[PDB]
Amino acid sequence: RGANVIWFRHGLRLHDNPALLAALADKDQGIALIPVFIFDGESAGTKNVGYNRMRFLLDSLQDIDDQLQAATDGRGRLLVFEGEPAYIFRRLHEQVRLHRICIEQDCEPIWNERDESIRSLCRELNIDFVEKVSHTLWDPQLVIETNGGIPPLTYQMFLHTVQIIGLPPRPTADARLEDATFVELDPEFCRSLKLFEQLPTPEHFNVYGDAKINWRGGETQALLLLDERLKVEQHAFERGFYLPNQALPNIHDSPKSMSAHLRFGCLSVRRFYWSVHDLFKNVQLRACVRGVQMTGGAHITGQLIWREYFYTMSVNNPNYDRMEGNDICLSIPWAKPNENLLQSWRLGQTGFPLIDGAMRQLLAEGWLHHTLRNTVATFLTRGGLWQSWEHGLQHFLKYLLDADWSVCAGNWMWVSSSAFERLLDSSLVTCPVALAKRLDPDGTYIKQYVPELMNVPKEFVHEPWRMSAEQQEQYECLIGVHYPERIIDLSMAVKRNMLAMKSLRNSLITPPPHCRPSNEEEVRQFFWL
Amino acid sequence: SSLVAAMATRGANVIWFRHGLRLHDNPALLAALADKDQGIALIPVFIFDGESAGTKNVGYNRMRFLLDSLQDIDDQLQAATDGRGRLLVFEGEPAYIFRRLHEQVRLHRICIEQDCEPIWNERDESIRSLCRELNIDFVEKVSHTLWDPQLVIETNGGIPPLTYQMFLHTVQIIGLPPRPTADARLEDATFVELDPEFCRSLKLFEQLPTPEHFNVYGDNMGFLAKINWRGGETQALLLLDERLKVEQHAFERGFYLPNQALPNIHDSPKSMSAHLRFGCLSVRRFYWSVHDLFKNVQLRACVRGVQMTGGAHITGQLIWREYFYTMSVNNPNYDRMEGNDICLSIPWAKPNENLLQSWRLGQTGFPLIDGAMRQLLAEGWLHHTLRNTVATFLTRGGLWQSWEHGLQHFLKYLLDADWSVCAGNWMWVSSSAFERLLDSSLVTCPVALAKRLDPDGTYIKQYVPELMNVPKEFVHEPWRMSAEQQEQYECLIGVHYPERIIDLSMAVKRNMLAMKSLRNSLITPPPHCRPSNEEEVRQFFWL
Ligand SMILES: Cc1cc2nc3c(=O)[nH]c(=O)nc-3n(C[C@H](O)[C@H](O)[C@H](O)COP(=O)(O)OP(=O)(O)OC[C@H]3O[C@@H](n4cnc5c(N)ncnc54)[C@H](O)[C@@H]3O)c2cc1C
Ligand SMILES: Cc1cc2nc3c(=O)[nH]c(=O)nc-3n(C[C@H](O)[C@H](O)[C@H](O)COP(=O)(O)OP(=O)(O)OC[C@H]3O[C@@H](n4cnc5c(N)ncnc54)[C@H](O)[C@@H]3O)c2cc1C
């Protein structure tokens, strides 16, 4: 008689799951395992959630529920409550002696509230509150400690800091559950506690869907996708170094990316980090990818450090997502919220096809290539529009499949509020024609995602306002009618904003310490230039 | 002076210079000095073979380089010996010169630096064998190359690596190369007083010569635009710090050489190519200054398509050097197309002497080609991307002349012109028929390329001066001018500045076609000197 609980919030996986393991630690003393998930209305980024990420979270629970079953032939499952947690955990500690509560660390400041709650309840009830660090690569408190009590605000720094520290920890053992106990619960208690019998739908949490590809959630599609990119990169690794001739940014590639699986924990990063690191494990690959050296996997590792970069940066700053109250975001003076502009930016009716391609794929699918996160974000902010970033942030945070709080704001702040990196204000990295013309030359993407534009020939599709009236007749696209005339004059805004940025840039000659590109080179790579 | 009679029999060591023109990381020198206690004096000798120090096929520019390069060491010596010791320059025959001098004084050792290039095995052995005869030690030390090429070749199982990739793999088993040797002690060394009659009979120079003494003439097919270089290990050493500094900046600076790390052709005289070519500068020293500067730091940036960390972006360039020399040691047909097991045999079209004689002159009508052949003639040195366009102009990239032609023109007028290095590059660039990318106009055409390397006509006007007046629009592709613009800018195609010699469009298609036409036959490529991959190609031009 006893029971330990693995309580998922982001772990969402069975491997390199250290708290999944601490909870099996006492299998021998007949100690039962309770797989718990709780929809407390905020957890797992379900406070501000669109329909697509919400489908994904249930896939991933669908997965772990299955997994748990078919390893103990229908014995234990995953229990999903819709509830308050500090309150659910109490009742269930009244129904069965509750030994340890096991959790993966959720460093983002916001979970510091919720988590506190039970941290306490355990104190209050004398329950071992188990917290294993495994969502991040390191223990962000060492990074912040090592760098002298404050998280590095620059990529160069962070790197230099985790190079003082060791390499990262390694994926903890595969979890053993074939031989393990399972809490059976008085069915009144289940009904009474709101425990689902049938895993819910978006519809149940009042989330509805208003799509040319899409994403399967969970640890499983996750490990699949890891081996598919692991191969293709061995294939490169092997074939001398090279990656063609096609390690330049293709936007119309598969549902390839593991970004939202990392965001929900479906895939350990320490797995990802090390399955790469191994694969290369020395061998001296003289050759780069995105301007980044590529020997030692240094090119695809780095990406996982970027994720670590922001997460870590955000640990003690709960204003991380806002502008004021936030000491590491420059106070740039964005203009007045223009709900008719904004509504244009969200709907993808701006008249700039690529942005409209990119904004519409976002809604329909919930995921967008790194280069496209750029163009749409710098378009909204400092690429003029010149509208503040907290607006592309609350939008992205809703309709993205990954949309990690720290990460999302991080990239947003970095990209739009670094007034000192002058390369960023160059329309050579801003303008979404001379770049759509590049990223998707035949208008194949644009036409996938902005269909009012099927019939426009490849001469016009990047810039259809060039079309003659007769041509607009002949191709079904009448600007102002079918496709919205440009919502702004870039020439005029581009300059408008530069001058505006210059202004501010000097009105303080010594920048304050903010979150920033580390140098122009790091801008080139962070943009694919 | 007195009983100098004793010292004659008492002994002497020769340190015989040919390449390795330097007093540092010159172990063959330290070798001679190894008997300072025995009372053995040093004899620093250089000799005008007829060949040796690449003098067989020389022009004014390199010849002069080789001399101030010698004036250097000569002073270098007196400098450290209050005029006591001096360098001795005989124009004569090695084996014979040495034999004589031996009677003048006992020789315990004759010390030289190695010379793997097969051309010298004849000259060298001559002495290897003379020492055997007079019971003199023939001392021979490897420097000039990074490694011992025989050990390089030994590892690749007896054949020399034919591909850059294959090369580093090989030298990666064999560890890092030897470190530079200690600085030399000449301050407290003895020297030799020769009988002045003997000095005369052996043609030993009193005053260091002019190129003209060797019937070498500072015309250079009629030329002198300029901004030139000087030889000497001092000069070399000067230039290594000068570049070194910069690198450290890029090193300290968050990696990257900033956006002017793309090739600038109107940069200065900076290149140490001609100094490592004459040993004026130790390659071992170049590599470990770089490798030291970068020791332990991870900086992820490329340059280059080559990583930057651990100096491996600059370190590699001396490995490129290593790659050709070492690949030539045992193949004395290296400079030739036939009898060369490693140069694919390729049906180059008959010599068109009018074509050649215009390629060498810079009268093609395609400026940057003209710009560069004329830089060659004028100055003696050419940027890499430049050597390329002109080599691919002559051979495969329009014109279809054998690479053997370009080679011997290049060996007449290059300040470096290593032998192995030159021919290798020439074959490697012109004869690699299975790398299709080299065929594409996108590295072939000199017009699209002049537009990228020399944007505003700067260079092309510096060197193709008949075109100072064409604007910038028409400067690059000046055949576009109306009859009156030509009247106007005082350059009328034909008169004034050559009408093109070939039809690139027509010729490039032709050439590619034949390269396919060759590629099919012979389905499976015969092992040859070729790039590792298409990515190597990319880094080897700048692209
Ligand atoms: C305005 C803006 C908002 C963004 N919001 C998010 C977000 O909410 N969540 C998110 O994870 N990424 C976000 N990104 C960053 C990035 O575009 C994605 O991580 C990337 O598209 C994921 O696909 P990938 O797996 O092919 O990339 P890869 O290049 O394959 O790298 C693998 C993983 O590295 C990590 N990574 C790569 N780039 C970054 C980066 N710049 N910052 C942090 N981690 C990185 C991600 O986990 C990524 O999945 C945003 C970028 C911008 C400019
Ligand atoms: C047709 C042709 C002929 C050439 N002939 C010669 C020659 O006779 N001698 C010569 O030294 N270089 C030769 N090169 C190679 C190269 O162009 C020069 O080494 C380079 O221009 C030297 O300038 P650098 O010192 O700035 O280059 P760096 O990039 O500073 O490298 C330093 C040194 O590395 C060596 N190195 C660099 N590239 C190469 C290369 N491709 N092959 C071999 N060694 C290399 C040279 O010693 C060079 O000085 C030739 C190139 C071509 C295309």
# chains A, B, ... in the order shown; residues from 1 in each chain; ligands from 1
>>> residues_around(residues="residue B:145", least_positions_apart="6", cutoff="8 Å", atoms="only C-alpha atoms", output="PyMOL selection string")
chain B and resi 283-284+322+325
>>> write_last_selection(atoms="C-alpha atoms", output="mmCIF file, in the first residue's frame")
data_model
loop_
_atom_site.group_PDB
_atom_site.id
_atom_site.type_symbol
_atom_site.label_atom_id
_atom_site.label_comp_id
_atom_site.auth_asym_id
_atom_site.auth_seq_id
_atom_site.Cartn_x
_atom_site.Cartn_y
_atom_site.Cartn_z
ATOM 1 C CA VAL B 283 56.135 26.831 -43.448
ATOM 2 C CA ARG B 284 56.350 25.070 -40.084
ATOM 3 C CA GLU B 322 51.748 20.212 -49.063
ATOM 4 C CA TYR B 325 54.625 18.993 -53.788
#
>>> residues_near_ligand(ligand="ligand 1", cutoff="7 Å", atoms="only C-alpha atoms and all ligand atoms", output="VMD selection string")
chain A and resid 256 to 260 262 to 263 300 303 to 307 310 368 to 371 373 to 374 377 397 400 402 to 405 407 to 409 411 to 412 415 526
>>> select_by_dssp(residues="stretch 300-394 of chain A", states="helix (DSSP H, G or I)", output="MDAnalysis selection string")
chainID A and resid 300:313 339:347 353:365 370:380 390:394
>>> write_last_selection(atoms="C-alpha atoms", output="short mmCIF file (atom, residue, chain, number, x, y, z; two decimals), in the first residue's frame")
data_model
loop_
_atom_site.label_atom_id
_atom_site.label_comp_id
_atom_site.auth_asym_id
_atom_site.auth_seq_id
_atom_site.Cartn_x
_atom_site.Cartn_y
_atom_site.Cartn_z
CA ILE A 300 22.56 21.32 -35.41
CA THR A 301 23.58 21.22 -31.74
CA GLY A 302 23.66 25.04 -31.75
CA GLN A 303 19.94 25.13 -32.46
CA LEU A 304 19.16 23.30 -29.28
CA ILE A 305 21.40 25.87 -27.47
CA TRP A 306 19.24 28.65 -28.91
CA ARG A 307 16.26 27.11 -27.28
CA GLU A 308 18.34 26.94 -24.11
CA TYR A 309 19.37 30.51 -24.66
CA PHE A 310 15.91 32.04 -24.21
CA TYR A 311 14.41 29.56 -21.69
CA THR A 312 17.42 30.26 -19.45
CA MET A 313 17.31 34.02 -20.18
CA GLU A 339 -6.68 47.13 -34.84
CA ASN A 340 -7.42 47.41 -38.59
CA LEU A 341 -3.71 46.89 -39.42
CA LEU A 342 -3.24 44.16 -36.82
CA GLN A 343 -6.39 42.37 -38.00
CA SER A 344 -4.80 42.58 -41.45
CA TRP A 345 -1.53 41.08 -40.17
CA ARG A 346 -3.33 38.17 -38.39
CA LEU A 347 -5.64 37.38 -41.30
CA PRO A 353 1.97 37.91 -50.78
CA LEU A 354 4.76 36.21 -48.83
CA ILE A 355 3.60 37.71 -45.53
CA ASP A 356 0.08 36.69 -46.54
CA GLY A 357 1.34 33.28 -47.52
CA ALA A 358 3.19 33.00 -44.24
CA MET A 359 0.38 34.35 -42.05
CA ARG A 360 -2.18 32.08 -43.58
CA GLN A 361 -0.15 28.94 -43.31
CA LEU A 362 0.27 29.89 -39.67
CA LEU A 363 -3.49 29.91 -39.07
CA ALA A 364 -4.27 26.87 -41.20
CA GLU A 365 -1.36 24.68 -40.00
CA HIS A 370 12.36 30.19 -39.33
CA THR A 371 12.85 32.54 -42.27
CA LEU A 372 9.09 33.14 -42.35
CA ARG A 373 8.79 33.80 -38.61
CA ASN A 374 11.26 36.56 -39.50
CA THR A 375 9.66 38.28 -42.47
CA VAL A 376 6.25 38.31 -40.76
CA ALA A 377 7.65 39.57 -37.46
CA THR A 378 9.94 42.23 -38.90
CA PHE A 379 7.05 43.26 -41.06
CA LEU A 380 4.88 43.92 -38.07
CA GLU A 390 3.48 42.18 -27.78
CA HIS A 391 0.96 41.80 -30.65
CA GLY A 392 2.75 39.32 -32.86
CA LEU A 393 3.53 37.60 -29.58
CA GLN A 394 0.06 36.97 -28.25
#
>>> residues_around(residues="residue B:90", least_positions_apart="2", cutoff="6 Å", atoms="only C-alpha atoms", output="NGL selection string")
:B and (47 or 92 or 203-205)
>>> interface_residues(of="chain A", to="chain B", cutoff="12 Å", atoms="only C-alpha atoms", output="PyMOL selection string")
chain A and resi 154-157+159-160+163-164+239-245+283-302+423+517-525+529
>>> write_last_selection(atoms="N, CA and C atoms", output="short mmCIF file (atom, residue, chain, number, x, y, z; two decimals), in the first residue's frame")
data_model
loop_
_atom_site.label_atom_id
_atom_site.label_comp_id
_atom_site.auth_asym_id
_atom_site.auth_seq_id
_atom_site.Cartn_x
_atom_site.Cartn_y
_atom_site.Cartn_z
N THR A 154 23.27 37.52 -24.30
CA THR A 154 23.78 37.42 -25.65
C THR A 154 24.28 36.01 -26.00
N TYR A 155 24.03 35.60 -27.25
CA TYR A 155 24.28 34.22 -27.64
C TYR A 155 25.74 33.82 -27.43
N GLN A 156 26.63 34.72 -27.82
CA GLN A 156 28.05 34.49 -27.57
C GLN A 156 28.26 34.18 -26.10
N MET A 157 27.60 34.95 -25.25
CA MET A 157 27.77 34.79 -23.81
C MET A 157 27.33 33.44 -23.39
N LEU A 159 26.96 30.75 -24.76
CA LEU A 159 27.89 29.73 -25.23
C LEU A 159 29.17 29.60 -24.37
N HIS A 160 29.78 30.76 -24.16
CA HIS A 160 30.96 30.92 -23.33
C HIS A 160 30.70 30.46 -21.90
N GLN A 163 30.39 26.65 -21.66
CA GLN A 163 31.64 26.04 -22.09
C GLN A 163 32.57 26.06 -20.92
N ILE A 164 32.24 26.92 -19.97
CA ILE A 164 32.82 26.88 -18.64
C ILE A 164 32.25 25.67 -17.89
N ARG A 239 28.85 11.61 -46.60
CA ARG A 239 29.21 12.01 -47.96
C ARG A 239 30.12 13.22 -47.93
N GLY A 240 31.33 13.00 -47.42
CA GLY A 240 32.16 14.10 -47.01
C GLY A 240 31.25 14.96 -46.17
N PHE A 241 31.55 16.25 -46.13
CA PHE A 241 30.61 17.26 -45.67
C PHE A 241 30.02 17.82 -46.95
N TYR A 242 28.77 18.23 -46.93
CA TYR A 242 28.26 18.83 -48.15
C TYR A 242 26.85 19.39 -47.94
N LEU A 243 25.87 18.54 -47.66
CA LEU A 243 24.49 19.02 -47.62
C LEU A 243 24.13 19.80 -48.91
N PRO A 244 24.49 19.30 -50.11
CA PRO A 244 24.40 20.17 -51.29
C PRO A 244 24.62 21.64 -50.93
N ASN A 245 24.04 22.68 -51.54
CA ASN A 245 23.21 22.71 -52.74
C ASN A 245 21.75 22.36 -52.43
N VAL A 283 35.80 13.39 -35.89
CA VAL A 283 35.87 13.29 -37.34
C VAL A 283 35.92 14.77 -37.56
N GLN A 284 36.80 15.24 -38.43
CA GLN A 284 36.95 16.68 -38.57
C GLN A 284 36.32 17.18 -39.84
N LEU A 285 35.07 17.61 -39.78
CA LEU A 285 34.34 18.03 -40.99
C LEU A 285 34.65 19.48 -41.34
N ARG A 286 35.67 19.68 -42.16
CA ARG A 286 35.96 21.00 -42.66
C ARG A 286 34.86 21.40 -43.68
N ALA A 287 33.93 22.23 -43.23
CA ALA A 287 32.80 22.69 -44.06
C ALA A 287 31.69 23.18 -43.14
N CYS A 288 30.95 24.18 -43.58
CA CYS A 288 29.95 24.82 -42.73
C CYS A 288 28.55 24.56 -43.27
N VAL A 289 27.52 24.83 -42.48
CA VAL A 289 26.16 24.86 -43.03
C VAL A 289 25.68 26.30 -43.16
N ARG A 290 24.99 26.78 -42.14
CA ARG A 290 24.44 28.10 -42.20
C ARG A 290 25.45 29.07 -41.64
N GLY A 291 26.64 29.07 -42.25
CA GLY A 291 27.73 29.92 -41.82
C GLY A 291 28.28 29.43 -40.51
N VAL A 292 27.70 28.34 -40.03
CA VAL A 292 28.09 27.75 -38.77
C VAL A 292 28.95 26.55 -39.12
N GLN A 293 30.11 26.44 -38.47
CA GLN A 293 30.94 25.24 -38.60
C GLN A 293 30.05 24.02 -38.49
N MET A 294 30.47 22.91 -39.05
CA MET A 294 29.56 21.78 -39.01
C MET A 294 30.23 20.54 -38.47
N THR A 295 31.50 20.64 -38.14
CA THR A 295 32.17 19.50 -37.52
C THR A 295 31.67 19.32 -36.10
N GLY A 296 31.57 18.08 -35.65
CA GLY A 296 31.11 17.81 -34.29
C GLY A 296 29.61 18.04 -34.09
N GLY A 297 28.89 18.20 -35.20
CA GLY A 297 27.47 18.47 -35.14
C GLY A 297 27.18 19.90 -34.70
N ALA A 298 28.25 20.66 -34.47
CA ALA A 298 28.17 22.04 -33.98
C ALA A 298 27.08 22.92 -34.63
N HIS A 299 26.70 22.57 -35.87
CA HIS A 299 25.66 23.28 -36.63
C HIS A 299 24.18 22.96 -36.21
N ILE A 300 23.91 21.72 -35.83
CA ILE A 300 22.56 21.32 -35.41
C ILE A 300 22.42 21.22 -33.88
N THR A 301 23.53 20.98 -33.19
CA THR A 301 23.58 21.22 -31.74
C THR A 301 23.13 22.66 -31.47
N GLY A 302 23.92 23.62 -31.95
CA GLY A 302 23.66 25.04 -31.75
C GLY A 302 22.21 25.43 -31.62
N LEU A 423 22.12 46.12 -39.31
CA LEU A 423 21.85 45.24 -40.45
C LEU A 423 20.38 44.84 -40.49
N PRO A 517 21.28 40.35 -30.63
CA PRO A 517 22.28 39.73 -31.51
C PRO A 517 23.67 39.90 -30.89
N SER A 518 24.58 38.95 -31.07
CA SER A 518 25.89 39.09 -30.46
C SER A 518 26.81 39.88 -31.36
N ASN A 519 26.53 39.83 -32.66
CA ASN A 519 27.31 40.56 -33.64
C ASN A 519 26.69 40.35 -35.01
N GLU A 520 27.13 41.13 -35.99
CA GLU A 520 26.50 41.15 -37.32
C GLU A 520 26.52 39.77 -37.95
N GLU A 521 27.61 39.04 -37.73
CA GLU A 521 27.74 37.68 -38.24
C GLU A 521 26.61 36.79 -37.75
N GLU A 522 26.46 36.72 -36.44
CA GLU A 522 25.33 36.07 -35.80
C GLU A 522 23.98 36.56 -36.29
N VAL A 523 23.92 37.71 -36.94
CA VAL A 523 22.67 38.10 -37.56
C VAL A 523 22.52 37.38 -38.89
N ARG A 524 23.58 37.41 -39.70
CA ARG A 524 23.59 36.74 -41.00
C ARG A 524 23.12 35.28 -40.87
N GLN A 525 23.69 34.54 -39.92
CA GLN A 525 23.35 33.14 -39.71
C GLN A 525 21.93 32.98 -39.19
N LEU A 529 21.58 34.30 -44.83
CA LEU A 529 21.89 35.43 -45.71
C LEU A 529 23.19 35.27 -46.51
#
>>> residues_around(residues="stretch 107-109 of chain B", least_positions_apart="5", cutoff="7 Å", atoms="only C-alpha atoms", output="list in words")
residues 11, 12, 13, 14, 32, 102, 136, 137, 138 and 139 of chain B
>>> residues_near_ligand(ligand="ligand 2", cutoff="7 Å", atoms="only C-alpha atoms and all ligand atoms", output="number ranges by chain")
B: 270-274, 276-277, 314, 317-318, 320-321, 324, 382-385, 387-388, 391, 414, 416-419, 421-423, 425-426, 429, 540
>>> write_last_selection(atoms="C-alpha atoms", output="CSV table (one decimal), in the first residue's frame")
chain,number,residue,atom,x,y,z
B,270,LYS,CA,50.5,40.6,-48.6
B,271,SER,CA,50.9,37.1,-49.9
B,272,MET,CA,53.7,35.0,-48.4
B,273,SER,CA,53.4,32.5,-51.3
B,274,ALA,CA,56.7,33.7,-52.9
B,276,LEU,CA,57.4,30.0,-48.6
B,277,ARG,CA,58.3,29.2,-52.2
B,314,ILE,CA,44.4,29.3,-43.0
B,317,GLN,CA,46.2,26.6,-47.3
B,318,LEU,CA,49.6,25.4,-46.4
B,320,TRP,CA,47.1,22.7,-50.1
B,321,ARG,CA,50.8,23.5,-50.7
B,324,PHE,CA,50.8,19.3,-54.6
B,382,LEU,CA,48.2,37.2,-59.3
B,383,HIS,CA,45.3,36.6,-56.9
B,384,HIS,CA,44.1,33.0,-56.8
B,385,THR,CA,40.6,33.7,-58.3
B,387,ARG,CA,45.0,32.5,-61.7
B,388,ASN,CA,41.8,30.6,-62.1
B,391,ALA,CA,43.7,29.1,-66.6
B,414,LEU,CA,55.4,33.9,-61.3
B,416,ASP,CA,56.3,31.9,-56.5
B,417,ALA,CA,55.9,29.4,-59.3
B,418,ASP,CA,56.7,26.3,-57.3
B,419,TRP,CA,57.0,23.5,-59.8
B,421,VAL,CA,52.4,23.4,-56.9
B,422,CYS,CA,52.0,25.2,-60.3
B,423,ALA,CA,51.5,22.2,-62.6
B,425,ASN,CA,46.9,23.5,-59.8
B,426,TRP,CA,47.0,23.7,-63.6
B,429,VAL,CA,41.9,23.1,-62.6
B,540,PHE,CA,38.8,26.5,-54.3
>>> atom_distance(atom1="atom CA of residue B:246", atom2="atom CA of residue B:290")
11.6 Å
>>> closest_residue(among="A:319, A:389, A:352, A:483", to="residue A:431", atoms="only C-alpha atoms")
A:352
>>> residues_around(residues="stretch 130-135 of chain B", least_positions_apart="3", cutoff="8 Å", atoms="only C-alpha atoms", output="tab-separated table (two decimals) with N, CA, C and O atoms, in the first residue's frame")
chain	number	residue	atom	x	y	z
B	95	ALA	N	78.70	19.77	-57.99
B	95	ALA	CA	79.65	18.69	-57.70
B	95	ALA	C	81.13	19.10	-57.87
B	95	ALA	O	81.99	18.71	-57.07
B	99	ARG	N	83.91	19.84	-54.94
B	99	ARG	CA	85.13	19.03	-54.99
B	99	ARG	C	86.35	19.92	-54.82
B	99	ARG	O	87.30	19.57	-54.13
B	110	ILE	N	78.36	18.36	-45.43
B	110	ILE	CA	77.64	19.26	-46.30
B	110	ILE	C	76.16	19.19	-45.96
B	110	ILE	O	75.52	18.15	-46.13
B	126	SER	N	74.10	13.81	-57.34
B	126	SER	CA	75.46	14.09	-57.82
B	126	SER	C	76.37	14.28	-56.64
B	126	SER	O	77.49	13.77	-56.61
B	127	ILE	N	75.87	15.02	-55.65
B	127	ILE	CA	76.61	15.33	-54.44
B	127	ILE	C	76.48	14.20	-53.41
B	127	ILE	O	77.47	13.80	-52.78
B	138	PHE	N	76.94	13.78	-46.20
B	138	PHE	CA	75.87	14.49	-46.88
B	138	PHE	C	74.69	14.62	-45.95
B	138	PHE	O	73.92	13.68	-45.77
>>> residues_around(residues="residue A:494", least_positions_apart="3", cutoff="10 Å", atoms="only C-alpha atoms", output="PDB file with N, CA and C atoms, in the first residue's frame")
ATOM      1  N   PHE A 379       7.959  42.455 -40.282  1.00  0.00           N
ATOM      2  CA  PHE A 379       7.048  43.264 -41.063  1.00  0.00           C
ATOM      3  C   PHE A 379       6.152  44.020 -40.119  1.00  0.00           C
ATOM      4  N   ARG A 382       9.104  47.492 -36.728  1.00  0.00           N
ATOM      5  CA  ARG A 382      10.456  47.957 -37.134  1.00  0.00           C
ATOM      6  C   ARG A 382      10.805  47.716 -38.609  1.00  0.00           C
ATOM      7  N   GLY A 383      10.098  46.793 -39.249  1.00  0.00           N
ATOM      8  CA  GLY A 383      10.100  46.740 -40.692  1.00  0.00           C
ATOM      9  C   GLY A 383       9.043  47.703 -41.189  1.00  0.00           C
ATOM     10  N   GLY A 384       8.388  48.388 -40.230  1.00  0.00           N
ATOM     11  CA  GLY A 384       7.209  49.239 -40.447  1.00  0.00           C
ATOM     12  C   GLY A 384       6.258  48.453 -41.297  1.00  0.00           C
ATOM     13  N   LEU A 385       5.048  48.101 -40.864  1.00  0.00           N
ATOM     14  CA  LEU A 385       4.206  48.557 -39.730  1.00  0.00           C
ATOM     15  C   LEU A 385       4.652  49.364 -38.489  1.00  0.00           C
ATOM     16  N   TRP A 386       5.835  49.121 -37.961  1.00  0.00           N
ATOM     17  CA  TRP A 386       6.226  49.806 -36.729  1.00  0.00           C
ATOM     18  C   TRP A 386       5.240  49.655 -35.532  1.00  0.00           C
ATOM     19  N   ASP A 425      17.868  46.645 -39.883  1.00  0.00           N
ATOM     20  CA  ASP A 425      17.011  47.675 -40.429  1.00  0.00           C
ATOM     21  C   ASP A 425      17.240  47.855 -41.910  1.00  0.00           C
ATOM     22  N   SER A 426      18.040  46.967 -42.497  1.00  0.00           N
ATOM     23  CA  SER A 426      18.301  47.013 -43.925  1.00  0.00           C
ATOM     24  C   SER A 426      17.257  46.204 -44.635  1.00  0.00           C
ATOM     25  N   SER A 427      16.523  46.873 -45.528  1.00  0.00           N
ATOM     26  CA  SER A 427      15.410  46.283 -46.275  1.00  0.00           C
ATOM     27  C   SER A 427      15.901  45.135 -47.140  1.00  0.00           C
ATOM     28  N   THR A 430      14.763  42.915 -44.723  1.00  0.00           N
ATOM     29  CA  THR A 430      13.376  43.189 -44.366  1.00  0.00           C
ATOM     30  C   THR A 430      12.378  42.873 -45.470  1.00  0.00           C
ATOM     31  N   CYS A 431      12.492  43.589 -46.587  1.00  0.00           N
ATOM     32  CA  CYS A 431      11.564  43.483 -47.719  1.00  0.00           C
ATOM     33  C   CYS A 431      11.171  42.071 -48.180  1.00  0.00           C
ATOM     34  N   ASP A 489       2.915  51.565 -47.494  1.00  0.00           N
ATOM     35  CA  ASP A 489       3.938  51.869 -48.477  1.00  0.00           C
ATOM     36  C   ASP A 489       5.272  51.652 -47.800  1.00  0.00           C
ATOM     37  N   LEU A 490       5.926  50.541 -48.140  1.00  0.00           N
ATOM     38  CA  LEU A 490       7.160  50.155 -47.469  1.00  0.00           C
ATOM     39  C   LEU A 490       8.231  51.225 -47.610  1.00  0.00           C
ATOM     40  N   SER A 491       8.566  51.558 -48.851  1.00  0.00           N
ATOM     41  CA  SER A 491       9.506  52.633 -49.102  1.00  0.00           C
ATOM     42  C   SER A 491       9.364  53.667 -48.003  1.00  0.00           C
ATOM     43  N   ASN A 497      10.790  54.283 -40.333  1.00  0.00           N
ATOM     44  CA  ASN A 497      11.194  53.566 -39.135  1.00  0.00           C
ATOM     45  C   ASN A 497      12.687  53.638 -38.865  1.00  0.00           C
ATOM     46  N   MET A 498      13.500  53.451 -39.903  1.00  0.00           N
ATOM     47  CA  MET A 498      14.937  53.617 -39.755  1.00  0.00           C
ATOM     48  C   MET A 498      15.215  54.899 -39.003  1.00  0.00           C
ATOM     49  N   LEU A 499      14.863  56.024 -39.622  1.00  0.00           N
ATOM     50  CA  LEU A 499      15.016  57.336 -39.005  1.00  0.00           C
ATOM     51  C   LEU A 499      14.522  57.333 -37.566  1.00  0.00           C
ATOM     52  N   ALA A 500      13.417  56.637 -37.324  1.00  0.00           N
ATOM     53  CA  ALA A 500      12.836  56.541 -35.984  1.00  0.00           C
ATOM     54  C   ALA A 500      13.758  55.777 -35.021  1.00  0.00           C
TER      55      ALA A 500
END
>>> residues_around(residues="stretch 469-482 of chain A", least_positions_apart="6", cutoff="10 Å", atoms="only C-alpha atoms", output="list in words")
residues 351, 451, 452, 453, 454, 455, 456, 457 and 460 of chain A
>>> atom_distance(atom1="atom CA of residue A:110", atom2="atom CA of residue A:7")
17.5 Å
>>> atom_distance(atom1="atom CA of residue B:52", atom2="atom CA of residue B:111")
15.7 Å
>>> closest_residue(among="B:224, B:537, B:442, B:407", to="residue B:57", atoms="only C-alpha atoms")
B:407
